[PDB]
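Numbering (this note's numbering), first residue to last: 53 to 179.
Just so you know, even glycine gets a beta-carbon here, dropped at the ideal spot from N, CA and C.
All remarks here apply to the structure that follows.
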Ligand SMILES: CCN1C(=O)c2cccc3c(S(=O)(=O)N4CCC[C@H](O)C4)ccc1c23
C-alpha cells in the first residue's frame, strides 16, 4: 500500500502573479469553503492507505485537494485565477469520478461545488 507524492506547491521556474482575483480566491472563496461543515474530507490529499481505498490512485491520476490549493495560493503559485479555478474543478471531478451519486462524500462535494460556483460567479474585475 502506497500513496503517491502529493501535488507540488512550490516551483521557482513557474511564472507567478499576485492578481486581485487570486487574492480574492484565497481570502474569500477558499477560506469560506474551508469553514463549511462538509469541507473536512477535501482539506488534504486523499490518504488511500488510511481510508483503505487502495484503488483510489489506480483510478484518480490527477489528484487535487483544497489543502494543496491553499498552499498554492499562499505561496503565490498561480499566474491567474483560471488556473486556480481549474484545480477546484479537478478536485470536484475526481470525487464524482471515483464515487457514485448518492454517496455521502458526493453529497458533500455537490454542496461545496454549488457554494464554490456562487462565490466565483462574481470576481473582482482585473484592475
Ligand atoms: C474527497 C476525496 N475522497 C473520495 O473520493 C472518497 C471515497 C470514499 C470515502 C472518503 C472519505 S471518508 O472515509 O473519510 N468519508 C467522508 C464523509 C463521507 C463518507 O462517510 C466518506 C474522505 C475523503 C474522500 C472519500
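With DSSP collapsed to three states, give me the class of residue i.
i: residue 163; result: helix
i: residue 120; result: helix
i: residue 81; result: helix
i: residue 90; result: coil
i: residue 171; result: helix
i: residue 96; result: coil
i: residue 54; result: coil
i: residue 142; result: helix
i: residue 103; result: coil
Determine the burial state of residue i: buried for a count of at least 16 other Cβ atoms within 10 Å of its Cβ, exposed for fewer.
i: residue 101; result: exposed
i: residue 139; result: buried
i: residue 124; result: buried
i: residue 54; result: exposed
i: residue 120; result: buried
i: residue 112; result: buried
i: residue 146; result: buried
i: residue 77; result: buried
Contact defined as beta carbons within less than 8 Å: I believe residue i pairs with residue j. What is the distance between those atoms, to the nearest angstrom?
i: residue 116; j: residue 143; result: 4 Å
i: residue 73; j: residue 176; result: 6 Å
i: residue 164; j: residue 94; result: 7 Å
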